[PDB]
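Text of target-v2.pdb, listed as PDB, C-alpha atoms:
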ATOM      1  CA  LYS X 324      67.702 126.621  81.585
ATOM      2  CA  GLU X 325      67.376 129.975  83.092
ATOM      3  CA  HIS X 326      63.785 129.232  82.539
ATOM      4  CA  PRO X 327      64.442 128.213  86.006
ATOM      5  CA  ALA X 328      60.673 127.744  86.204
ATOM      6  CA  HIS X 329      62.170 124.726  84.635
ATOM      7  CA  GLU X 330      59.520 122.221  83.878
ATOM      8  CA  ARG X 331      59.697 118.506  84.926
ATOM      9  CA  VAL X 332      58.979 116.951  81.633
ATOM     10  CA  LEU X 333      61.420 118.621  79.615
ATOM     11  CA  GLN X 334      64.199 117.183  81.533
ATOM     12  CA  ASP X 335      62.594 113.951  80.954
ATOM     13  CA  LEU X 336      62.523 114.188  77.165
ATOM     14  CA  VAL X 337      66.191 114.147  77.112
ATOM     15  CA  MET X 338      66.581 110.437  77.158
ATOM     16  CA  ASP X 339      64.841 110.169  73.952
ATOM     17  CA  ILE X 340      67.073 112.500  72.480
ATOM     18  CA  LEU X 341      69.812 110.774  74.179
ATOM     19  CA  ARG X 342      69.075 107.616  72.536
ATOM     20  CA  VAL X 343      70.308 109.093  69.375
ATOM     21  CA  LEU X 344      73.732 109.377  70.925
ATOM     22  CA  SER X 345      74.316 105.727  70.350
ATOM     23  CA  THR X 346      75.126 106.906  67.018
ATOM     24  CA  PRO X 347      78.164 108.292  68.583
ATOM     25  CA  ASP X 348      80.332 111.358  68.349
ATOM     26  CA  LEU X 349      81.702 111.615  71.829
ATOM     27  CA  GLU X 350      82.333 115.150  71.776
ATOM     28  CA  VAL X 351      78.730 115.794  71.172
ATOM     29  CA  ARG X 352      77.889 113.100  73.639
ATOM     30  CA  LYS X 353      80.054 114.655  76.161
ATOM     31  CA  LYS X 354      78.286 117.910  75.830
ATOM     32  CA  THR X 355      75.213 115.990  76.475
ATOM     33  CA  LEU X 356      76.347 114.406  79.621
ATOM     34  CA  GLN X 357      77.062 117.530  81.347
ATOM     35  CA  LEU X 358      73.888 118.845  80.121
ATOM     36  CA  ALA X 359      72.029 115.872  81.098
ATOM     37  CA  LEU X 360      73.165 115.708  84.634
ATOM     38  CA  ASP X 361      71.661 118.854  85.592
ATOM     39  CA  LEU X 362      68.069 118.230  85.542
ATOM     40  CA  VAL X 363      67.828 115.492  87.877
ATOM     41  CA  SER X 364      66.586 116.266  91.294
ATOM     42  CA  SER X 365      67.698 112.708  91.995
ATOM     43  CA  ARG X 366      64.638 111.479  90.120
ATOM     44  CA  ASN X 367      63.591 110.964  86.525
ATOM     45  CA  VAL X 368      66.472 109.093  87.578
ATOM     46  CA  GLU X 369      65.628 105.544  87.684
ATOM     47  CA  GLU X 370      64.233 105.136  84.418
ATOM     48  CA  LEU X 371      67.240 106.712  83.434
ATOM     49  CA  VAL X 372      69.468 104.650  85.579
ATOM     50  CA  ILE X 373      68.090 101.758  84.082
ATOM     51  CA  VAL X 374      68.718 103.246  80.922
ATOM     52  CA  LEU X 375      72.155 103.860  82.026
ATOM     53  CA  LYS X 376      72.487 100.376  82.726
ATOM     54  CA  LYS X 377      71.242  99.816  79.334
ATOM     55  CA  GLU X 378      73.941 101.991  78.278
ATOM     56  CA  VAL X 379      76.161  99.990  80.233
ATOM     57  CA  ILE X 380      75.255  96.933  78.509
ATOM     58  CA  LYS X 381      75.520  98.653  75.373
ATOM     59  CA  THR X 382      78.833  99.837  76.449
ATOM     60  CA  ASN X 383      79.967  96.329  76.847
ATOM     61  CA  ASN X 384      78.909  95.136  73.411
ATOM     62  CA  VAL X 385      82.200  94.119  71.768
ATOM     63  CA  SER X 386      83.542  97.537  71.660
ATOM     64  CA  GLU X 387      86.584  99.069  70.231
ATOM     65  CA  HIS X 388      86.405 102.167  72.397
ATOM     66  CA  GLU X 389      88.416 105.043  71.413
ATOM     67  CA  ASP X 390      86.020 107.870  72.014
ATOM     68  CA  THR X 391      83.487 106.284  74.074
ATOM     69  CA  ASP X 392      85.953 105.440  76.618
ATOM     70  CA  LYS X 393      86.220 108.994  77.396
ATOM     71  CA  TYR X 394      82.615 109.190  77.671
ATOM     72  CA  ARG X 395      82.673 106.549  80.196
ATOM     73  CA  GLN X 396      84.889 108.434  82.423
ATOM     74  CA  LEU X 397      82.811 111.412  82.055
ATOM     75  CA  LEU X 398      79.731 109.566  82.591
ATOM     76  CA  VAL X 399      80.976 108.378  85.733
ATOM     77  CA  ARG X 400      81.613 111.832  86.801
ATOM     78  CA  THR X 401      78.281 112.923  85.832
ATOM     79  CA  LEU X 402      77.031 109.996  87.600
ATOM     80  CA  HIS X 403      79.088 110.574  90.560
ATOM     81  CA  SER X 404      77.513 113.773  91.345
ATOM     82  CA  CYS X 405      74.086 112.500  91.464
ATOM     83  CA  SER X 406      74.726 109.933  93.919
ATOM     84  CA  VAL X 407      76.173 112.415  96.230
ATOM     85  CA  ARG X 408      72.879 113.907  96.391
ATOM     86  CA  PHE X 409      71.028 110.831  96.141
ATOM     87  CA  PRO X 410      70.399 107.738  97.798
ATOM     88  CA  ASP X 411      71.318 105.360  95.174
ATOM     89  CA  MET X 412      71.047 101.658  94.768
ATOM     90  CA  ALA X 413      71.847  98.373  93.110
ATOM     91  CA  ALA X 414      72.804 100.064  89.970
ATOM     92  CA  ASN X 415      75.856 101.089  91.800
ATOM     93  CA  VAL X 416      76.730  97.652  92.821
ATOM     94  CA  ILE X 417      76.947  96.975  89.268
ATOM     95  CA  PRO X 418      79.650  99.526  88.753
ATOM     96  CA  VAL X 419      81.535  97.767  91.248
ATOM     97  CA  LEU X 420      81.220  94.693  89.271
ATOM     98  CA  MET X 421      81.820  96.498  86.116
ATOM     99  CA  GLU X 422      84.907  97.990  87.387
ATOM    100  CA  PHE X 423      86.201  94.510  88.189
ATOM    101  CA  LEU X 424      85.886  93.580  84.561
ATOM    102  CA  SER X 425      87.803  96.546  83.265
ATOM    103  CA  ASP X 426      91.588  96.986  82.898
ATOM    104  CA  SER X 427      93.052 100.572  82.974
ATOM    105  CA  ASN X 428      94.147 102.962  85.783
ATOM    106  CA  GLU X 429      91.931 105.952  85.362
ATOM    107  CA  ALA X 430      88.976 103.885  86.518
ATOM    108  CA  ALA X 431      90.931 102.611  89.470
ATOM    109  CA  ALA X 432      91.534 106.202  90.212
ATOM    110  CA  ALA X 433      87.861 106.818  90.143
ATOM    111  CA  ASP X 434      87.343 103.838  92.225
ATOM    112  CA  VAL X 435      89.785 104.950  94.572
ATOM    113  CA  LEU X 436      88.077 108.217  94.488
ATOM    114  CA  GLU X 437      85.196 106.248  95.537
ATOM    115  CA  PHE X 438      87.361 104.663  98.179
ATOM    116  CA  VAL X 439      87.853 107.954  99.610
ATOM    117  CA  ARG X 440      84.486 109.006  99.412
ATOM    118  CA  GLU X 441      82.824 106.056 100.650
ATOM    119  CA  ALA X 442      85.186 106.143 103.502
ATOM    120  CA  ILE X 443      83.547 109.398 104.314
ATOM    121  CA  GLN X 444      80.036 108.288 103.475
ATOM    122  CA  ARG X 445      79.530 105.213 105.561
ATOM    123  CA  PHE X 446      76.020 104.117 106.017
ATOM    124  CA  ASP X 447      77.946 101.009 105.369
ATOM    125  CA  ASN X 448      75.831  98.174 104.594
ATOM    126  CA  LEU X 449      76.431  97.938 101.001
ATOM    127  CA  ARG X 450      80.057  98.182 101.486
ATOM    128  CA  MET X 451      80.218  94.988 103.218
ATOM    129  CA  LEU X 452      78.584  93.150 100.438
ATOM    130  CA  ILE X 453      80.690  94.846  98.115
ATOM    131  CA  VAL X 454      83.653  94.065 100.188
ATOM    132  CA  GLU X 455      82.573  90.572  99.705
ATOM    133  CA  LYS X 456      82.148  91.184  96.063
ATOM    134  CA  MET X 457      85.431  92.575  96.015
ATOM    135  CA  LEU X 458      86.686  89.633  97.830
ATOM    136  CA  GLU X 459      85.682  87.626  94.996
ATOM    137  CA  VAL X 460      86.962  90.152  92.550
ATOM    138  CA  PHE X 461      90.099  90.161  94.239
ATOM    139  CA  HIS X 462      90.480  86.479  94.542
ATOM    140  CA  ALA X 463      89.483  86.437  90.978
ATOM    141  CA  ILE X 464      92.299  88.859  89.987
ATOM    142  CA  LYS X 465      96.021  90.154  90.222
ATOM    143  CA  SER X 466      97.759  93.494  89.155
ATOM    144  CA  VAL X 467      99.457  96.443  90.588
ATOM    145  CA  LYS X 468      96.225  98.146  90.796
ATOM    146  CA  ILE X 469      94.742  95.462  92.745
ATOM    147  CA  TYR X 470      97.834  95.196  94.720
ATOM    148  CA  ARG X 471      97.426  98.749  95.647
ATOM    149  CA  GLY X 472      93.794  98.121  96.276
ATOM    150  CA  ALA X 473      94.481  95.587  98.800
ATOM    151  CA  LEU X 474      96.534  97.963 100.621
ATOM    152  CA  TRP X 475      93.949 100.434 101.348
ATOM    153  CA  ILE X 476      91.262  98.000 101.946
ATOM    154  CA  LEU X 477      93.495  96.150 104.249
ATOM    155  CA  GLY X 478      94.043  99.339 105.874
ATOM    156  CA  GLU X 479      90.370  99.741 106.205
ATOM    157  CA  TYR X 480      89.436  96.388 107.845
ATOM    158  CA  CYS X 481      86.453  95.290 110.120
ATOM    159  CA  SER X 482      84.817  91.871 110.883
ATOM    160  CA  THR X 483      84.505  88.233 109.809
ATOM    161  CA  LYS X 484      87.296  88.350 112.325
TER     162      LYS X 484
ATOM    163  CA  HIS D 438     128.394 117.546  94.215
ATOM    164  CA  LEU D 439     126.585 114.274  94.680
ATOM    165  CA  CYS D 440     123.442 115.826  95.859
ATOM    166  CA  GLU D 441     123.295 118.341  93.214
ATOM    167  CA  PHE D 442     124.280 116.344  90.335
ATOM    168  CA  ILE D 443     122.384 113.330  91.188
ATOM    169  CA  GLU D 444     119.620 115.727  91.085
ATOM    170  CA  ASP D 445     119.951 116.118  87.329
ATOM    171  CA  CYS D 446     121.929 112.978  86.832
ATOM    172  CA  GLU D 447     118.859 110.994  87.863
ATOM    173  CA  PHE D 448     118.359 107.194  88.311
ATOM    174  CA  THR D 449     116.193 106.207  91.098
ATOM    175  CA  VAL D 450     118.234 103.108  91.721
ATOM    176  CA  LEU D 451     121.278 104.985  92.930
ATOM    177  CA  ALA D 452     119.172 106.801  95.337
ATOM    178  CA  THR D 453     118.198 103.554  96.931
ATOM    179  CA  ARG D 454     121.656 102.644  97.693
ATOM    180  CA  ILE D 455     122.847 105.978  98.800
ATOM    181  CA  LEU D 456     119.747 106.477 100.858
ATOM    182  CA  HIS D 457     120.377 103.419 102.777
ATOM    183  CA  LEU D 458     123.910 104.611 103.604
ATOM    184  CA  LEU D 459     122.950 108.106 104.300
ATOM    185  CA  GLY D 460     120.300 106.648 106.477
ATOM    186  CA  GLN D 461     122.829 105.626 108.930
ATOM    187  CA  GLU D 462     125.107 108.603 108.779
ATOM    188  CA  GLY D 463     123.244 111.792 109.582
ATOM    189  CA  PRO D 464     124.319 114.179 112.460
ATOM    190  CA  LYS D 465     127.739 112.794 113.036
ATOM    191  CA  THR D 466     128.461 114.966 110.031
ATOM    192  CA  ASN D 467     126.558 118.098 110.728
ATOM    193  CA  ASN D 468     125.774 120.970 108.319
ATOM    194  CA  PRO D 469     122.168 120.714 109.216
ATOM    195  CA  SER D 470     120.483 123.334 107.152
ATOM    196  CA  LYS D 471     122.059 122.139 104.041
ATOM    197  CA  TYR D 472     121.509 118.602 104.742
ATOM    198  CA  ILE D 473     117.840 119.333 105.449
ATOM    199  CA  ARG D 474     117.826 121.469 102.482
ATOM    200  CA  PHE D 475     118.856 118.502 100.471
ATOM    201  CA  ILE D 476     116.629 116.153 102.100
ATOM    202  CA  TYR D 477     113.617 118.029 101.342
ATOM    203  CA  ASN D 478     114.561 118.008  97.760
ATOM    204  CA  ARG D 479     115.050 114.351  97.628
ATOM    205  CA  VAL D 480     111.652 113.844  98.798
ATOM    206  CA  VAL D 481     110.469 116.601  96.428
ATOM    207  CA  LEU D 482     110.435 114.093  93.707
ATOM    208  CA  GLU D 483     107.408 112.078  93.287
ATOM    209  CA  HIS D 484     107.321 108.572  94.212
ATOM    210  CA  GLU D 485     105.863 107.684  97.381
ATOM    211  CA  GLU D 486     108.927 105.669  97.367
ATOM    212  CA  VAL D 487     111.379 108.555  96.791
ATOM    213  CA  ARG D 488     109.691 110.498  99.360
ATOM    214  CA  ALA D 489     109.813 107.651 101.812
ATOM    215  CA  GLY D 490     113.581 107.354 102.027
ATOM    216  CA  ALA D 491     114.085 110.799 103.488
ATOM    217  CA  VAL D 492     111.943 109.759 106.410
ATOM    218  CA  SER D 493     113.687 106.440 106.916
ATOM    219  CA  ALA D 494     117.234 107.851 106.797
ATOM    220  CA  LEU D 495     116.046 110.332 109.214
ATOM    221  CA  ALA D 496     115.353 107.842 111.933
ATOM    222  CA  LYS D 497     118.972 107.323 112.756
ATOM    223  CA  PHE D 498     119.401 110.992 112.320
ATOM    224  CA  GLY D 499     116.466 112.314 114.217
ATOM    225  CA  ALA D 500     117.234 110.219 117.082
ATOM    226  CA  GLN D 501     120.672 111.659 117.248
ATOM    227  CA  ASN D 502     119.677 115.197 116.467
ATOM    228  CA  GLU D 503     122.306 117.708 115.530
ATOM    229  CA  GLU D 504     123.508 121.368 115.958
ATOM    230  CA  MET D 505     119.882 122.429 116.443
ATOM    231  CA  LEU D 506     117.602 119.416 115.975
ATOM    232  CA  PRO D 507     115.598 117.897 118.818
ATOM    233  CA  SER D 508     112.997 120.621 119.381
ATOM    234  CA  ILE D 509     112.532 121.273 115.895
ATOM    235  CA  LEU D 510     112.838 117.611 115.033
ATOM    236  CA  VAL D 511     109.715 117.324 116.948
ATOM    237  CA  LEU D 512     108.248 120.341 115.114
ATOM    238  CA  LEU D 513     109.100 119.129 111.579
ATOM    239  CA  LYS D 514     107.209 115.902 111.223
ATOM    240  CA  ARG D 515     104.234 118.061 111.917
ATOM    241  CA  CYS D 516     105.158 120.710 109.403
ATOM    242  CA  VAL D 517     105.631 118.295 106.632
ATOM    243  CA  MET D 518     102.701 115.893 106.294
ATOM    244  CA  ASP D 519     100.928 113.992 103.445
ATOM    245  CA  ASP D 520      97.859 112.359 102.191
ATOM    246  CA  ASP D 521      97.601 110.227  99.148
ATOM    247  CA  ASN D 522      96.280 107.338 101.091
ATOM    248  CA  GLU D 523      99.046 104.937 101.396
ATOM    249  CA  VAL D 524     101.284 107.831 100.988
ATOM    250  CA  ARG D 525      98.812 109.344 103.478
ATOM    251  CA  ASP D 526      99.267 106.335 105.520
ATOM    252  CA  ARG D 527     102.987 106.564 105.387
ATOM    253  CA  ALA D 528     102.813 109.987 107.019
ATOM    254  CA  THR D 529     100.079 108.896 109.345
ATOM    255  CA  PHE D 530     101.659 105.654 110.262
ATOM    256  CA  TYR D 531     105.085 106.943 110.897
ATOM    257  CA  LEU D 532     103.295 109.349 112.977
ATOM    258  CA  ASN D 533     101.086 106.667 114.275
ATOM    259  CA  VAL D 534     104.113 104.664 115.126
ATOM    260  CA  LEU D 535     105.479 107.772 116.601
ATOM    261  CA  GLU D 536     102.148 108.182 118.307
ATOM    262  CA  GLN D 537     102.525 104.723 119.634
ATOM    263  CA  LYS D 538     106.066 105.078 121.441
ATOM    264  CA  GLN D 539     107.609 107.735 123.766
ATOM    265  CA  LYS D 540     109.555 109.167 121.058
ATOM    266  CA  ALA D 541     112.732 108.741 122.892
ATOM    267  CA  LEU D 542     112.025 105.096 123.458
ATOM    268  CA  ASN D 543     110.643 104.917 120.005
ATOM    269  CA  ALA D 544     113.861 105.932 118.551
ATOM    270  CA  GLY D 545     115.779 103.410 120.545
ATOM    271  CA  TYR D 546     113.856 100.313 119.570
ATOM    272  CA  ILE D 547     113.295 101.133 115.944
ATOM    273  CA  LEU D 548     116.774 102.353 115.210
ATOM    274  CA  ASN D 549     118.035  99.023 116.126
TER     275      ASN D 549
END

As structure tokens:
Amino acid sequence: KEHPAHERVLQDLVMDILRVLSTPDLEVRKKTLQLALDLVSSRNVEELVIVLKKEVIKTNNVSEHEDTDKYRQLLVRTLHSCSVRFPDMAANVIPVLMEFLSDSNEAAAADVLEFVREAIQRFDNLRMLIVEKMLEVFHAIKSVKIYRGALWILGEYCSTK
Amino acid sequence: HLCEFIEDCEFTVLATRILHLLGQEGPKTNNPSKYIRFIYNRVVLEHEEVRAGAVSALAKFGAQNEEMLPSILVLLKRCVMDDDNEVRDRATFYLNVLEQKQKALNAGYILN
């Protein structure tokens, strides 16, 4: 990689390779994700993102996660980073949705992590929708996690007086 | 004995009860450093909740102050402070609450 003359393309070929991952082995996959993250100057991105979303669908599937779960968390990390740099998009909204589906803490933690972050980040607009989304999600749901969720959000508050 | 043992004799539930009681008692029985010493410990434990009691007990206490407390009482809330969002909030809020009344007044209303 310390061929820091680091050509565009090469980074790009990864996905192809990556496709192969669907024949799992997380551990390998995991190595990939880290590896993967790196190349992206917040670009070859979309095609990827899309792909990620594909992954995401794929991730849904019917699953009996045991290994891939892990991956997900990781992915999200990997993913997280990018965003920091980037301006990101709808894809993201989808996580929010996605997250609603889900049922385990670690994600909530991420989410929360996001809570924090976003709290810092504020360009805002999205949030509001999402807040709406959430409103649904929320209405649509119960749990400690949620319960907790409410608290912060509540804490947060703005309009629709 | 209670303090120590309970610490390493566990059960959160006990703590609730005792907390509540202790909550009232504070500086009428002095021994500040120790008592502080304890109090810190009680908090030490995780649980936003476990942590929380030491502050609440404190309100009757703080207000009264003891063999050294008012100046310092003021200093302490500052020295000990926390994030963890709603745990953050607890610190912030108590503060914020604190922020909101002349602390002398503050003590009077809340206490009752």

Requested in this report: Could you please give me, as a PyMOL selection string, the residues of protein, DNA or RNA lying at most 12 Å from (126.2, 113.3, 110.2) in the coordinate frame of the file, considering all atoms listed in the file?
Outcome: chain D and resi 458-473+494-495+497-504

Given 6 Å of margin on each side, can you work out the centre and size in Å (one decimal) of an axis-aligned box holding every listed atom of region 387-396 of chain X, as AutoDock Vina command-line options?
--center_x 85.5 --center_y 104.1 --center_z 76.3 --size_x 17.8 --size_y 22.1 --size_z 24.2

Requested in this report: Using all atoms listed in the file, pick whichever of X:435, X:333, X:452, X:458 has the shortest atom-to-atom distance to chain D.
Outcome: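 Once distances to chain D are computed over all atoms listed in the file, the minimum belongs to X:435.
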
Report task. Kindly resolve the PyMOL selection byres ((chain D and resi 525-533) around 9) on the present coordinates and return the residues as an MDAnalysis selection string. Result -> (chainID X and resid 475 478) or (chainID D and resid 485 489 492 514:515 517:524 534:538)

Query raised in the report: By how many Å are CA of residue 375 (chain X) and CA of residue 446 (chain X) apart?
Result: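 Distance between the two atoms: 24.3 Å.
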
Query - Expansion of the PyMOL selection byres ((chain X and resi 472) around 12) into residues, as number ranges by chain - result: X: 423, 428, 431-432, 434-439, 454, 457-458, 460-461, 464-471, 473-479; D: 522-523

**Report entry** For region 347-362 of chain X: contacts at 7 Å, all atoms listed in the file, fewer than 5 positions along chain excluded, given as an NGL selection string
**Finding:** :X and (334 or 390-391 or 394 or 398 or 401)

Requested in this report: For the structure shown, which residues end up in the PyMOL selection byres ((chain X and resi 404-407) around 12)? Put them as a PyMOL selection string, please?
Outcome: chain X and resi 356-357+359-369+372+397-403+408-415+437+440-441+443-444

Report summary line: Among X:430, X:442, X:483, X:451, chain D is approached most closely, using all atoms listed in the file, by X:442

Query raised in the report: Do you know which residues are at most 8 Å from residue 490 (chain D) counting all atoms listed in the file, after dropping those on the same chain fewer than 3 positions away, and could you put them as JSON, numbers by chain?
Result: {"D": [453, 456, 457, 480, 486, 487, 493, 494]}

Selecting N, CA and C atoms, how would region 465-482 of chain X from this structure be written as a tab-separated table (two decimals), in the first residue's frame?
chain	number	residue	atom	x	y	z
X	465	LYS	N	-41.04	-0.84	21.61
X	465	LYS	CA	-40.90	-0.82	23.08
X	465	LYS	C	-39.63	-1.62	23.41
X	466	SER	N	-39.04	-1.48	24.64
X	466	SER	CA	-37.75	-2.02	25.07
X	466	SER	C	-37.06	-1.03	25.91
X	467	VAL	N	-36.09	-1.55	26.65
X	467	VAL	CA	-35.25	-0.81	27.51
X	467	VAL	C	-34.47	0.10	26.69
X	468	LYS	N	-33.96	-0.44	25.62
X	468	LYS	CA	-33.13	0.27	24.73
X	468	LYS	C	-33.71	1.45	24.20
X	469	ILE	N	-34.93	1.27	23.74
X	469	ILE	CA	-35.77	2.31	23.28
X	469	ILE	C	-35.98	3.26	24.34
X	470	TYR	N	-36.29	2.74	25.51
X	470	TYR	CA	-36.69	3.49	26.64
X	470	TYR	C	-35.63	4.47	26.93
X	471	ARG	N	-34.41	3.98	26.92
X	471	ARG	CA	-33.24	4.74	27.04
X	471	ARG	C	-33.14	5.74	25.95
X	472	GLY	N	-33.47	5.32	24.73
X	472	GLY	CA	-33.40	6.14	23.58
X	472	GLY	C	-34.14	7.38	23.64
X	473	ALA	N	-35.34	7.22	24.15
X	473	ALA	CA	-36.26	8.25	24.37
X	473	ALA	C	-35.61	9.23	25.21
X	474	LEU	N	-34.95	8.77	26.25
X	474	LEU	CA	-34.42	9.71	27.13
X	474	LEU	C	-33.51	10.69	26.57
X	475	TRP	N	-32.53	10.24	25.83
X	475	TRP	CA	-31.69	11.20	25.21
X	475	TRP	C	-32.32	12.09	24.27
X	476	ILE	N	-33.14	11.51	23.40
X	476	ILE	CA	-33.76	12.22	22.35
X	476	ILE	C	-34.57	13.30	22.89
X	477	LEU	N	-35.28	12.97	23.96
X	477	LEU	CA	-36.15	13.81	24.70
X	477	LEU	C	-35.40	14.91	25.17
X	478	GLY	N	-34.22	14.55	25.66
X	478	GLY	CA	-33.27	15.49	26.11
X	478	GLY	C	-32.98	16.41	25.00
X	479	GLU	N	-32.74	15.88	23.81
X	479	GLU	CA	-32.38	16.69	22.71
X	479	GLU	C	-33.30	17.77	22.28
X	480	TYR	N	-34.58	17.43	22.01
X	480	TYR	CA	-35.72	18.25	21.62
X	480	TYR	C	-35.52	19.51	20.73
X	481	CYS	N	-36.54	19.85	19.87
X	481	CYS	CA	-36.61	21.07	19.06
X	481	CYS	C	-38.09	21.39	18.79
X	482	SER	N	-38.47	21.52	17.51
X	482	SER	CA	-39.82	21.95	17.09
X	482	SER	C	-41.06	21.06	17.03
